[PDB]
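Colleague: Got a structure here, written out as structure tokens. Questions coming.
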There are 2 protein chains.
Amino acid sequence: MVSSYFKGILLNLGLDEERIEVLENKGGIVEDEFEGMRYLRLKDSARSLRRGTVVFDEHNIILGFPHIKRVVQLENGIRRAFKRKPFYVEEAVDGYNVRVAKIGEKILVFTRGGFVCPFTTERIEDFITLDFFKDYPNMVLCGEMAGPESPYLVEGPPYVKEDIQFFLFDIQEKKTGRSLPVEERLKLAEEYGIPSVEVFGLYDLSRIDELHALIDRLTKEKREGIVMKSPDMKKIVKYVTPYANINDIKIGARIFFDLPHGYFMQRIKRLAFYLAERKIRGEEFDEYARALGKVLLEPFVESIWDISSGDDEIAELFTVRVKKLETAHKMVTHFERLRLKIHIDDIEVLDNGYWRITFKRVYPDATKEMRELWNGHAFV
Amino acid sequence: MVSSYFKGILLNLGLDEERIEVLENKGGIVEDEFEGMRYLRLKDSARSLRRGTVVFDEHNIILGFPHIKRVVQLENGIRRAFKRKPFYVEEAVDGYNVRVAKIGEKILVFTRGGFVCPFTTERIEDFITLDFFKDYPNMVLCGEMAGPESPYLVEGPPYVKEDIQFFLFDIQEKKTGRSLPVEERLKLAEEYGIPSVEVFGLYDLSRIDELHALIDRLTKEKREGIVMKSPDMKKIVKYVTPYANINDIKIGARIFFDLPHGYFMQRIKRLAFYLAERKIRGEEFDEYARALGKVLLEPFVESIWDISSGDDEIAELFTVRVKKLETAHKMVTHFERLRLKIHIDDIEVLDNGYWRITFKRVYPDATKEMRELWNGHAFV
Ligand SMILES: Nc1ncnc2c1ncn2[C@@H]1O[C@H](COP(=O)(O)OP(=O)(O)OP(=O)(O)O)[C@@H](O)[C@H]1O
Ligand SMILES: Nc1ncnc2c1ncn2[C@@H]1O[C@H](COP(=O)(O)OP(=O)(O)OP(=O)(O)O)[C@@H](O)[C@H]1O
Ligand SMILES: [Mg+2]
Ligand SMILES: [Mg+2]
Ligand SMILES: [Mg+2]
Ligand SMILES: [Mg+2]
Ligand SMILES: [Mg+2]
Ligand SMILES: [Mg+2]
Ligand code: NA
Ligand code: NA
Ligand code: NA
Ligand code: NA
Ligand code: NA
Ligand code: NA
């Protein structure tokens with residue numbers, strides 16, 4: 001299942017031979033390839049090697065991006081995580097996570113599971129100077145790809161009016177995964193002109209009222225929320241706006257079936273705790289309740305009416321911009337490998353020479369279940 | 001774990017010795033006791049022996065009540081289950097399921113998991129003549145206990161103004177579980193004066209418009225829905241009103257945590273399919289969306305505010321009526337055995353000589369999680 005070349009590497013990293021065999025047989029490690037280069041991807045955790053870690057050789061090991069804990073009560077979340085010490089407050093940008101690293105003579109861009117993304121790898125030169133990797137070849141840039149023309153999301157931050165943008169939020173060492181302190185990271189981003197998530201400033205528990213005001217502005221502006229980081233990057237906590245929880249439900253409700261466990265419940269919970277903590281009552285409360293009822297039912301009922309007539313499946317349309325038509329071919333292949341039913345719906349050339357590709361992604365498992373229910377399937 | 005007396009019985013029922021040992025070691029069969037009488041309860045299925053089956057000896061075997069399939073699209077559900085043949089339409093009564101059987105010289109009442117219910121066993125003479133069991137000692141009466149003074153539910157049908165009532169919906173053979181045809185069951189209920197679920201009549205697919213009208217009336221009347229049964233009792237399908245789905249959410253949302261998987265999602269799905277099938281749009285649609293948002297958020301936020309100050313836990317209050325004070329003592333013991341934190345809050349004697357017991361049921365697992373979140377616990 002997995003070559004002894006990679007298993008030798010895992011052994012030298014101190015992993016036990018028996019654990020490697022178990023990971024192999026269960027499919028917790030898998031081999032992959034990009035542009036002819038073989039690498040190992042960790043589908044599950046293995047001692048200190050986090051999920052989404054990729055292994056090309058003994059030196060080029062890109063650690064998986066860690067989970068970020070969230071709180072649902074902002075004031076008491078801050079007191080428990082940070083007490084009264086200062087912490088940085090950054091914008092949470094609603095996109096997809098990327099790790100950017102120099103591998104051999106190539107700059108590769110990895111998404112969360114450890115896949116080389118062919119779109120982001122082609123485009124990354126539009127946002128990040130290669131100079132950074134001439135000077136720091138063993139550092140990994142971590143950030144969010146976000147905007148209205150995204151291959152993986154149908155929403156994005158409102159101030160990105162077209163195409164897509166990179167937003168740096170961490171710099172990590174190859175192999176160890178260690179993060180630079182906030183200040184050194186921000187100094188490097190300025191030195192190299194790497195675009196950064198907005199840094200709102202340095203806060204503490206005593207400034208909770210200003211953070212609530214910040215959350216209300218981010219909400220009105222359709223932005224996702226904040227991420228709170230101790231200066232040494234060891235304590236990290238995220239907190240998202242009611243807009244993000246409501247809009248997430250709206251998007252997911254078109255499909256409803258086959259989503260991650262708890263997708264809707266977790267967001268209803270986050271909304272309830274926001275309303276409780278902010279003591280929201282009366283008409284302002286009713287407006288959230290009406291909005292939640294609408295985003296749960298309207299997209300869902302619309303899809304039901306859609307599938308009740310015809311053979312067409314539930315579908316999302318999205319566009320991306322590419323420099324080379326061959327990149328779009330490579331995204332189709334990559335989408336197939338991820339077991340997604342996506343084809344090219346439309347192509348246009350833009351006045352700046354870029355290709356705008358319109359993709360159509362269909363959802364056959366959600367479609368099947370929704371249709372069987374409409375057609376009267378009885379179930380326990 | 002389980003006595004060889006009961007294992008001998010399972011062997012004579014054709015079960016394999018190895019399966020018995022597995023069921024024992026996993027806890028799929030467990031011993032229980034009521035008023036000194038030992039019996040075996042099936043916590044999981046075992047070949048033809050359904051979950052909730054109880055075994056006292058070789059003759060007294062009460063088969064677990066089968067799952068009833070539901071549809072979420074009424075018209076196509078009827079076409080798929082019944083085609084154009086006639087079927088009976090009964091009221092779905094919102095209570096708890098009981099099986100009533102003569103065991104030795106005792107009439108015992110079993111709830112769904114196979115527990116002897118001490119409350120319903122004391123009270124069952126108020127609703128069912130013992131004459132039935134003098135004439136049919138090997139038949140089991142199956143029905144719903146429902147009303148405003150229930151030990152297990154906080155809602156009920158509106159026309160039961162006080163106390164609680166039994167509603168027959170099946171008659172089954174001991175040991176085999178076989179159901180009498182609808183007509184013979186209804187003839188027996190009339191012969192013995194056993195109160196019955198309302199039988200709305202005989203319907204077929206061609207009468208779908210009348211069934212929709214029936215559903216709209218049941219909805220306005222705060223009733224649960226219908227159960228559709230072929231005359232030979234072999235095809236059974238339930239369908240519940242939007243009122244039932246909305247009110248269920250309202251009740252569950254006070255607790256939110258520690259509920260069965262999919263409790264809220266399943267009901268949102270049922271609401272969406274009702275609105276789709278009935279083509280509900282405009283203001284009438286907005287009223288359902290507002291109602292769904294309110295029943296999800298208001299009870300939940302209210303409980304959050306409740307637990308954010310004090311040591312009191314989330315709690316429901318309910319009353320029952322008993323003939324003998326000793327019955328209330330026995331319900332306390334029984335609630336403890338079910339791993340529920342319930343104590344007696346108040347007692348009154350009624351002008352008819354019955355005791356009205358007020359119980360308080362607290363929810364410590366839901367309370368703990370809700371409080372840890374309020375206090376800023378961070379989680380992945
Ligand atoms: N300033 C930021 N700092 C760190 N991560 C950020 C920042 N802005 C956006 N992110 C993104 O947020 C992610 C973590 O929060 P998010 O709400 O997206 O959860 P997730 O990891 O995608 O999923 P889940 O909660 O299901 O595990 C990071 O992995 C990163 O992609
Ligand atoms: N007329 C009726 N015929 C049959 N069962 C009825 C009738 N009226 C009410 N019931 C009750 O409905 C139950 C089945 O439907 P219900 O919606 O209560 O699901 P459930 O068995 O409690 O749970 P789940 O769907 O989670 O398995 C029966 O077990 C019985 O208690
Ligand atoms: Mg995200
Ligand atoms: Mg979002
Ligand atoms: Mg269609
Ligand atoms: Mg029920
Ligand atoms: Mg109910
Ligand atoms: Mg309190
Ligand atoms: Na995460
Ligand atoms: Na888009
Ligand atoms: Na053009
Ligand atoms: Na059931
Ligand atoms: Na009650
Ligand atoms: Na009195």
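Lettering and numbering for the structure tokens are positional, with chains as A, B, ... in the shown order, residues counted from 1 in each chain, and ligands counted from 1 in the shown order.
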Report as a PDB file with N, CA and C atoms, in the first residue's frame the set of chain A residues whose atoms approach chain B to within 6 Å, with distances computed over only C-alpha atoms.
Modeller:
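This is the output file iface_8.pdb:
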ATOM      1  N   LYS A  69      -8.760  25.745  18.701  1.00  0.00           N
ATOM      2  CA  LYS A  69      -9.900  25.684  19.597  1.00  0.00           C
ATOM      3  C   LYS A  69     -10.747  26.946  19.460  1.00  0.00           C
ATOM      4  N   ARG A  70     -12.043  26.796  19.693  1.00  0.00           N
ATOM      5  CA  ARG A  70     -12.958  27.921  19.685  1.00  0.00           C
ATOM      6  C   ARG A  70     -13.576  28.062  21.067  1.00  0.00           C
ATOM      7  N   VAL A  71     -14.082  29.260  21.344  1.00  0.00           N
ATOM      8  CA  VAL A  71     -14.979  29.476  22.468  1.00  0.00           C
ATOM      9  C   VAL A  71     -16.300  29.973  21.904  1.00  0.00           C
ATOM     10  N   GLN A  73     -18.429  31.621  24.325  1.00  0.00           N
ATOM     11  CA  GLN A  73     -18.685  32.736  25.228  1.00  0.00           C
ATOM     12  C   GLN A  73     -17.395  33.540  25.242  1.00  0.00           C
ATOM     13  N   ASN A  76     -15.865  35.025  28.942  1.00  0.00           N
ATOM     14  CA  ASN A  76     -15.324  33.981  29.809  1.00  0.00           C
ATOM     15  C   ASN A  76     -14.328  33.099  29.074  1.00  0.00           C
ATOM     16  N   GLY A  77     -14.434  33.008  27.744  1.00  0.00           N
ATOM     17  CA  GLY A  77     -13.409  32.309  26.987  1.00  0.00           C
ATOM     18  C   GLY A  77     -12.063  32.997  27.105  1.00  0.00           C
ATOM     19  N   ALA A 272     -27.021  30.686  19.855  1.00  0.00           N
ATOM     20  CA  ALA A 272     -27.676  30.778  21.161  1.00  0.00           C
ATOM     21  C   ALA A 272     -26.757  31.408  22.206  1.00  0.00           C
ATOM     22  N   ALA A 276     -27.354  34.875  24.291  1.00  0.00           N
ATOM     23  CA  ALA A 276     -27.306  34.863  25.746  1.00  0.00           C
ATOM     24  C   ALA A 276     -26.270  35.848  26.270  1.00  0.00           C
ATOM     25  N   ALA A 289     -34.135  35.043  15.230  1.00  0.00           N
ATOM     26  CA  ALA A 289     -34.935  33.829  15.168  1.00  0.00           C
ATOM     27  C   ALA A 289     -35.563  33.666  13.797  1.00  0.00           C
ATOM     28  N   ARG A 290     -36.076  34.763  13.241  1.00  0.00           N
ATOM     29  CA  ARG A 290     -36.612  34.705  11.889  1.00  0.00           C
ATOM     30  C   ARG A 290     -35.509  34.384  10.894  1.00  0.00           C
ATOM     31  N   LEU A 292     -32.758  32.675  11.407  1.00  0.00           N
ATOM     32  CA  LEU A 292     -32.358  31.270  11.536  1.00  0.00           C
ATOM     33  C   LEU A 292     -33.399  30.335  10.916  1.00  0.00           C
ATOM     34  N   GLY A 293     -34.687  30.598  11.156  1.00  0.00           N
ATOM     35  CA  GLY A 293     -35.712  29.791  10.520  1.00  0.00           C
ATOM     36  C   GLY A 293     -35.639  29.849   9.004  1.00  0.00           C
ATOM     37  N   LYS A 294     -35.371  31.040   8.454  1.00  0.00           N
ATOM     38  CA  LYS A 294     -35.305  31.203   7.005  1.00  0.00           C
ATOM     39  C   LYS A 294     -34.096  30.488   6.394  1.00  0.00           C
ATOM     40  N   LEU A 297     -34.794  26.584   6.374  1.00  0.00           N
ATOM     41  CA  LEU A 297     -35.906  26.044   5.602  1.00  0.00           C
ATOM     42  C   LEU A 297     -35.912  26.466   4.139  1.00  0.00           C
ATOM     43  N   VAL A 301     -36.133  23.722   1.253  1.00  0.00           N
ATOM     44  CA  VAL A 301     -37.360  23.544   0.486  1.00  0.00           C
ATOM     45  C   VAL A 301     -37.117  23.825  -0.993  1.00  0.00           C
ATOM     46  N   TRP A 374     -38.533  12.364  -0.987  1.00  0.00           N
ATOM     47  CA  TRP A 374     -39.627  12.935  -1.768  1.00  0.00           C
ATOM     48  C   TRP A 374     -40.502  11.854  -2.394  1.00  0.00           C
ATOM     49  N   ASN A 375     -39.900  10.749  -2.823  1.00  0.00           N
ATOM     50  CA  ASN A 375     -40.647   9.691  -3.481  1.00  0.00           C
ATOM     51  C   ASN A 375     -41.242   8.698  -2.497  1.00  0.00           C
ATOM     52  N   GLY A 376     -41.304   9.054  -1.212  1.00  0.00           N
ATOM     53  CA  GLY A 376     -42.063   8.281  -0.256  1.00  0.00           C
ATOM     54  C   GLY A 376     -41.349   7.107   0.373  1.00  0.00           C
ATOM     55  N   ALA A 378     -39.940   4.935   3.088  1.00  0.00           N
ATOM     56  CA  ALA A 378     -40.235   4.824   4.506  1.00  0.00           C
ATOM     57  C   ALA A 378     -38.995   4.351   5.247  1.00  0.00           C
ATOM     58  N   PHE A 379     -38.765   4.907   6.430  1.00  0.00           N
ATOM     59  CA  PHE A 379     -37.535   4.629   7.155  1.00  0.00           C
ATOM     60  C   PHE A 379     -37.800   4.707   8.653  1.00  0.00           C
ATOM     61  N   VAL A 380     -37.033   3.930   9.406  1.00  0.00           N
ATOM     62  CA  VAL A 380     -37.119   3.904  10.862  1.00  0.00           C
ATOM     63  C   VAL A 380     -36.513   5.154  11.491  1.00  0.00           C
TER      64      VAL A 380
END
Colleague: For residue 343 of chain A, work out the shell of residues within 12 Å, counting only C-alpha atoms and skipping chain neighbours fewer than 5 positions away, then give it as JSON, numbers by chain.
Modeller: {"A": [315, 316, 317, 318, 319, 328, 329, 330, 331, 332, 333, 334, 335, 336, 357, 358, 359, 360, 361, 362]}
Colleague: Dump N, CA and C atoms for the selected residues as a tab-separated table (two decimals), in the first residue's frame?
Modeller:
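Final output, saved to selection.tsv:
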chain	number	residue	atom	x	y	z
A	315	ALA	N	-26.70	21.27	-7.27
A	315	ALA	CA	-25.48	21.75	-7.91
A	315	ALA	C	-25.11	23.13	-7.37
A	316	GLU	N	-23.80	23.37	-7.25
A	316	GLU	CA	-23.25	24.70	-7.03
A	316	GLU	C	-22.39	25.09	-8.23
A	317	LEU	N	-22.45	26.36	-8.62
A	317	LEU	CA	-21.59	26.90	-9.66
A	317	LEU	C	-20.56	27.81	-9.01
A	318	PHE	N	-19.31	27.71	-9.46
A	318	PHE	CA	-18.27	28.61	-8.98
A	318	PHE	C	-17.28	28.87	-10.10
A	319	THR	N	-16.61	30.01	-10.01
A	319	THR	CA	-15.60	30.40	-10.98
A	319	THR	C	-14.25	30.53	-10.29
A	328	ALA	N	-6.75	24.36	-15.54
A	328	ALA	CA	-8.14	23.94	-15.38
A	328	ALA	C	-8.28	22.44	-15.62
A	329	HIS	N	-7.59	21.91	-16.63
A	329	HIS	CA	-7.55	20.47	-16.82
A	329	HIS	C	-7.05	19.77	-15.55
A	330	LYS	N	-5.97	20.30	-14.96
A	330	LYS	CA	-5.42	19.68	-13.76
A	330	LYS	C	-6.36	19.80	-12.55
A	331	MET	N	-7.15	20.87	-12.46
A	331	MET	CA	-8.13	20.89	-11.38
A	331	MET	C	-9.22	19.84	-11.58
A	332	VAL	N	-9.63	19.60	-12.83
A	332	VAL	CA	-10.64	18.57	-13.05
A	332	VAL	C	-10.14	17.22	-12.55
A	333	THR	N	-8.93	16.84	-12.97
A	333	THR	CA	-8.32	15.60	-12.48
A	333	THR	C	-8.27	15.57	-10.96
A	334	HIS	N	-7.82	16.66	-10.35
A	334	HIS	CA	-7.69	16.71	-8.90
A	334	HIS	C	-9.04	16.57	-8.21
A	335	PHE	N	-10.08	17.20	-8.76
A	335	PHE	CA	-11.42	17.07	-8.19
A	335	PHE	C	-11.91	15.62	-8.27
A	336	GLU	N	-11.64	14.94	-9.39
A	336	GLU	CA	-12.00	13.53	-9.52
A	336	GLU	C	-11.32	12.69	-8.44
A	357	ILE	N	-12.70	30.32	-15.43
A	357	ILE	CA	-13.32	29.00	-15.56
A	357	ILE	C	-14.54	28.94	-14.66
A	358	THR	N	-15.69	28.58	-15.23
A	358	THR	CA	-16.88	28.28	-14.45
A	358	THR	C	-17.00	26.77	-14.31
A	359	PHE	N	-16.95	26.28	-13.08
A	359	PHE	CA	-17.14	24.88	-12.76
A	359	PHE	C	-18.54	24.64	-12.20
A	360	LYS	N	-19.07	23.45	-12.45
A	360	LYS	CA	-20.31	23.00	-11.84
A	360	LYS	C	-20.03	21.77	-10.99
A	361	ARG	N	-20.34	21.86	-9.71
A	361	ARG	CA	-20.16	20.76	-8.77
A	361	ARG	C	-21.54	20.22	-8.42
A	362	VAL	N	-21.78	18.94	-8.69
A	362	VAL	CA	-23.04	18.30	-8.35
A	362	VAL	C	-22.84	17.46	-7.09
Colleague: Mind listing the residues within 8 Å of ligand 7, only C-alpha atoms and all ligand atoms counted, as number ranges by chain?
Modeller: B: 94-95, 155-156, 224, 244-245, 247-248
Colleague: In Å, rounded to a single decimal, give me how far atom CA of residue 90 of chain A is from atom CA of residue 225 of chain A.
Modeller: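 Between atom CA of residue 225 of chain A and atom CA of residue 90 of chain A the gap works out to 8.5 Å.
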Colleague: Counting only C-alpha atoms and all ligand atoms, which protein, DNA or RNA residues come within 7 Å of ligand 5, given as a list in words?
Modeller: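 Listing the residues within 7 Å of ligand 5 gives residues 306, 307, 308, 309, 310, 311 and 312 of chain A.
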Colleague: Please, could you write that set of residues out with N, CA and C atoms as a PDB file, in the first residue's frame?
Modeller:
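The new file selection31.pdb reads:
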ATOM      1  N   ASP A 306     -36.643  21.598  -6.442  1.00  0.00           N
ATOM      2  CA  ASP A 306     -35.753  21.415  -7.578  1.00  0.00           C
ATOM      3  C   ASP A 306     -35.668  19.944  -7.990  1.00  0.00           C
ATOM      4  N   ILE A 307     -35.440  19.036  -7.034  1.00  0.00           N
ATOM      5  CA  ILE A 307     -35.215  17.636  -7.405  1.00  0.00           C
ATOM      6  C   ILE A 307     -36.501  16.874  -7.661  1.00  0.00           C
ATOM      7  N   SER A 308     -37.648  17.435  -7.287  1.00  0.00           N
ATOM      8  CA  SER A 308     -38.902  16.713  -7.422  1.00  0.00           C
ATOM      9  C   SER A 308     -39.338  16.574  -8.873  1.00  0.00           C
ATOM     10  N   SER A 309     -38.713  17.312  -9.790  1.00  0.00           N
ATOM     11  CA  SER A 309     -39.002  17.226 -11.217  1.00  0.00           C
ATOM     12  C   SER A 309     -37.687  17.187 -11.977  1.00  0.00           C
ATOM     13  N   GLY A 310     -37.435  16.085 -12.670  1.00  0.00           N
ATOM     14  CA  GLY A 310     -36.303  15.969 -13.568  1.00  0.00           C
ATOM     15  C   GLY A 310     -35.297  14.938 -13.099  1.00  0.00           C
ATOM     16  N   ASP A 311     -34.152  14.935 -13.777  1.00  0.00           N
ATOM     17  CA  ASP A 311     -33.018  14.102 -13.412  1.00  0.00           C
ATOM     18  C   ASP A 311     -31.823  14.928 -12.965  1.00  0.00           C
ATOM     19  N   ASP A 312     -31.930  16.254 -13.002  1.00  0.00           N
ATOM     20  CA  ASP A 312     -30.829  17.109 -12.584  1.00  0.00           C
ATOM     21  C   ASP A 312     -30.598  16.966 -11.087  1.00  0.00           C
TER      22      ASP A 312
END
Colleague: Set the cut-off to 6 Å, count only C-alpha atoms and all ligand atoms, and list whatever residues fall near ligand 2 as a PDB file with N, CA, C and O atoms, in the first residue's frame.
Modeller:
ATOM      1  N   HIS B  67     -40.302  -1.355  15.645  1.00  0.00           N
ATOM      2  CA  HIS B  67     -40.195  -0.013  15.084  1.00  0.00           C
ATOM      3  C   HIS B  67     -41.307   0.199  14.064  1.00  0.00           C
ATOM      4  O   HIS B  67     -41.696  -0.729  13.356  1.00  0.00           O
ATOM      5  N   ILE B  68     -41.830   1.416  13.992  1.00  0.00           N
ATOM      6  CA  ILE B  68     -42.798   1.786  12.964  1.00  0.00           C
ATOM      7  C   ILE B  68     -42.091   2.722  11.996  1.00  0.00           C
ATOM      8  O   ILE B  68     -41.493   3.717  12.414  1.00  0.00           O
ATOM      9  N   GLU B  90     -55.471   5.867  11.644  1.00  0.00           N
ATOM     10  CA  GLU B  90     -55.621   6.050  13.077  1.00  0.00           C
ATOM     11  C   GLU B  90     -54.887   7.302  13.525  1.00  0.00           C
ATOM     12  O   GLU B  90     -53.929   7.732  12.895  1.00  0.00           O
ATOM     13  N   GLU B  91     -55.315   7.861  14.651  1.00  0.00           N
ATOM     14  CA  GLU B  91     -54.569   8.954  15.257  1.00  0.00           C
ATOM     15  C   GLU B  91     -53.273   8.443  15.867  1.00  0.00           C
ATOM     16  O   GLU B  91     -53.258   7.417  16.554  1.00  0.00           O
ATOM     17  N   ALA B  92     -52.181   9.148  15.575  1.00  0.00           N
ATOM     18  CA  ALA B  92     -50.936   9.017  16.317  1.00  0.00           C
ATOM     19  C   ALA B  92     -51.062   9.821  17.610  1.00  0.00           C
ATOM     20  O   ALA B  92     -51.219  11.047  17.577  1.00  0.00           O
ATOM     21  N   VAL B  93     -51.018   9.138  18.741  1.00  0.00           N
ATOM     22  CA  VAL B  93     -51.198   9.761  20.049  1.00  0.00           C
ATOM     23  C   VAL B  93     -49.823   9.952  20.668  1.00  0.00           C
ATOM     24  O   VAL B  93     -49.021   9.009  20.691  1.00  0.00           O
ATOM     25  N   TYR B  96     -46.501   7.599  25.771  1.00  0.00           N
ATOM     26  CA  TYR B  96     -45.481   6.559  25.782  1.00  0.00           C
ATOM     27  C   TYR B  96     -46.136   5.200  25.567  1.00  0.00           C
ATOM     28  O   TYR B  96     -47.271   4.948  25.975  1.00  0.00           O
ATOM     29  N   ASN B  97     -45.389   4.344  24.895  1.00  0.00           N
ATOM     30  CA  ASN B  97     -45.825   3.016  24.506  1.00  0.00           C
ATOM     31  C   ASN B  97     -45.894   2.089  25.717  1.00  0.00           C
ATOM     32  O   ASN B  97     -44.963   2.041  26.521  1.00  0.00           O
ATOM     33  N   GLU B 144     -50.995   3.474  23.911  1.00  0.00           N
ATOM     34  CA  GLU B 144     -50.294   4.683  24.297  1.00  0.00           C
ATOM     35  C   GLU B 144     -50.882   5.212  25.594  1.00  0.00           C
ATOM     36  O   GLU B 144     -52.108   5.327  25.726  1.00  0.00           O
ATOM     37  N   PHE B 169     -53.816   0.525  20.475  1.00  0.00           N
ATOM     38  CA  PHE B 169     -53.561   0.510  19.039  1.00  0.00           C
ATOM     39  C   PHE B 169     -53.121  -0.835  18.463  1.00  0.00           C
ATOM     40  O   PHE B 169     -52.901  -0.914  17.256  1.00  0.00           O
ATOM     41  N   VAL B 197     -57.308   4.368  20.214  1.00  0.00           N
ATOM     42  CA  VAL B 197     -56.926   5.522  19.399  1.00  0.00           C
ATOM     43  C   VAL B 197     -58.103   5.815  18.476  1.00  0.00           C
ATOM     44  O   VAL B 197     -58.849   4.902  18.098  1.00  0.00           O
ATOM     45  N   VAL B 227     -51.398   7.235  11.819  1.00  0.00           N
ATOM     46  CA  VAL B 227     -50.709   5.987  11.529  1.00  0.00           C
ATOM     47  C   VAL B 227     -51.576   5.210  10.559  1.00  0.00           C
ATOM     48  O   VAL B 227     -52.783   5.070  10.778  1.00  0.00           O
TER      49      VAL B 227
END
Colleague: Could you tell me, as a PyMOL selection string, which residues of segment 8-98 of chain B DSSP assigns to strand (DSSP E) when given the backbone?
Modeller: chain B and resi 29-34+37-42+54-55+61-62+69-70+87-92+96-98
Colleague: Go ahead and dump the residues you just picked, N, CA and C atoms, as a short mmCIF file (atom, residue, chain, number, x, y, z; two decimals), in the first residue's frame.
Modeller:
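Output file part30.cif follows:
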data_model
loop_
_atom_site.label_atom_id
_atom_site.label_comp_id
_atom_site.auth_asym_id
_atom_site.auth_seq_id
_atom_site.Cartn_x
_atom_site.Cartn_y
_atom_site.Cartn_z
N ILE B 29 -28.52 -8.87 26.90
CA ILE B 29 -29.57 -9.40 27.76
C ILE B 29 -29.20 -9.06 29.19
N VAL B 30 -30.18 -8.64 29.98
CA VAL B 30 -29.95 -8.31 31.38
C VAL B 30 -31.13 -8.80 32.22
N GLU B 31 -30.84 -9.14 33.46
CA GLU B 31 -31.88 -9.55 34.38
C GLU B 31 -32.46 -8.34 35.09
N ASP B 32 -33.73 -8.43 35.43
CA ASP B 32 -34.39 -7.36 36.14
C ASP B 32 -35.37 -8.01 37.12
N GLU B 33 -36.02 -7.18 37.93
CA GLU B 33 -36.93 -7.69 38.93
C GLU B 33 -38.03 -6.68 39.18
N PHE B 34 -39.24 -7.19 39.43
CA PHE B 34 -40.36 -6.34 39.80
C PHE B 34 -41.18 -7.07 40.85
N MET B 37 -40.30 -10.63 41.34
CA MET B 37 -40.28 -11.54 40.19
C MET B 37 -39.14 -11.19 39.23
N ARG B 38 -38.26 -12.16 39.00
CA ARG B 38 -37.13 -11.98 38.10
C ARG B 38 -37.56 -12.17 36.64
N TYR B 39 -37.01 -11.34 35.76
CA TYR B 39 -37.24 -11.54 34.34
C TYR B 39 -36.03 -11.07 33.55
N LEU B 40 -35.97 -11.51 32.30
CA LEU B 40 -34.89 -11.17 31.39
C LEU B 40 -35.38 -10.12 30.41
N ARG B 41 -34.55 -9.12 30.16
CA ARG B 41 -34.89 -8.05 29.25
C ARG B 41 -33.86 -8.04 28.13
N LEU B 42 -34.34 -7.96 26.90
CA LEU B 42 -33.47 -7.88 25.73
C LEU B 42 -33.14 -6.42 25.45
N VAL B 54 -39.32 -9.24 26.84
CA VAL B 54 -39.09 -9.70 28.21
C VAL B 54 -39.46 -11.17 28.32
N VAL B 55 -38.73 -11.88 29.18
CA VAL B 55 -38.84 -13.32 29.36
C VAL B 55 -38.94 -13.61 30.85
N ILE B 61 -43.48 -14.82 27.45
CA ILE B 61 -42.53 -14.07 26.65
C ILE B 61 -43.31 -12.97 25.95
N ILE B 62 -42.97 -11.71 26.22
CA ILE B 62 -43.67 -10.57 25.64
C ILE B 62 -42.72 -9.93 24.64
N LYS B 69 -42.14 2.40 10.71
CA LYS B 69 -41.54 3.26 9.71
C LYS B 69 -42.38 4.52 9.52
N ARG B 70 -41.71 5.61 9.17
CA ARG B 70 -42.38 6.86 8.87
C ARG B 70 -42.10 7.23 7.42
N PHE B 87 -56.48 1.39 3.29
CA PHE B 87 -55.78 1.22 4.55
C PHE B 87 -56.53 1.98 5.63
N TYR B 88 -56.39 1.53 6.87
CA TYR B 88 -56.97 2.25 7.99
C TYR B 88 -56.09 3.43 8.37
N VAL B 89 -56.74 4.50 8.84
CA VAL B 89 -56.06 5.71 9.30
C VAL B 89 -56.45 5.95 10.75
N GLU B 90 -55.47 5.87 11.64
CA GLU B 90 -55.62 6.05 13.08
C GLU B 90 -54.89 7.30 13.52
N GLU B 91 -55.32 7.86 14.65
CA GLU B 91 -54.57 8.95 15.26
C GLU B 91 -53.27 8.44 15.87
N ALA B 92 -52.18 9.15 15.57
CA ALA B 92 -50.94 9.02 16.32
C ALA B 92 -51.06 9.82 17.61
N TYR B 96 -46.50 7.60 25.77
CA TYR B 96 -45.48 6.56 25.78
C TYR B 96 -46.14 5.20 25.57
N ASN B 97 -45.39 4.34 24.90
CA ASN B 97 -45.82 3.02 24.51
C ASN B 97 -45.89 2.09 25.72
N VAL B 98 -46.98 1.31 25.83
CA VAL B 98 -47.06 0.27 26.86
C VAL B 98 -47.55 -1.04 26.25
#
Colleague: Taking only C-alpha atoms and all ligand atoms into account, list the residues no farther than 9 Å from ligand 11, as a short mmCIF file (atom, residue, chain, number, x, y, z; two decimals) with N, CA and C atoms, in the first residue's frame.
Modeller:
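Once written, result-v5.cif looks like this:
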data_model
loop_
_atom_site.label_atom_id
_atom_site.label_comp_id
_atom_site.auth_asym_id
_atom_site.auth_seq_id
_atom_site.Cartn_x
_atom_site.Cartn_y
_atom_site.Cartn_z
N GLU A 348 -14.23 31.76 -20.23
CA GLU A 348 -14.11 33.05 -20.87
C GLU A 348 -12.68 33.53 -20.67
N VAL A 349 -12.20 34.34 -21.61
CA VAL A 349 -10.91 35.00 -21.45
C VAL A 349 -11.16 36.43 -20.99
N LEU A 350 -10.42 36.87 -19.98
CA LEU A 350 -10.66 38.19 -19.42
C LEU A 350 -9.74 39.22 -20.07
N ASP A 351 -10.14 40.49 -19.98
CA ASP A 351 -9.38 41.55 -20.63
C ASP A 351 -7.94 41.66 -20.13
N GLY A 353 -6.04 38.85 -19.79
CA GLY A 353 -5.37 37.66 -20.26
C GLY A 353 -5.60 36.41 -19.44
N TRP A 355 -7.78 33.33 -17.85
CA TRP A 355 -8.99 32.55 -18.11
C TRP A 355 -9.88 32.52 -16.87
#
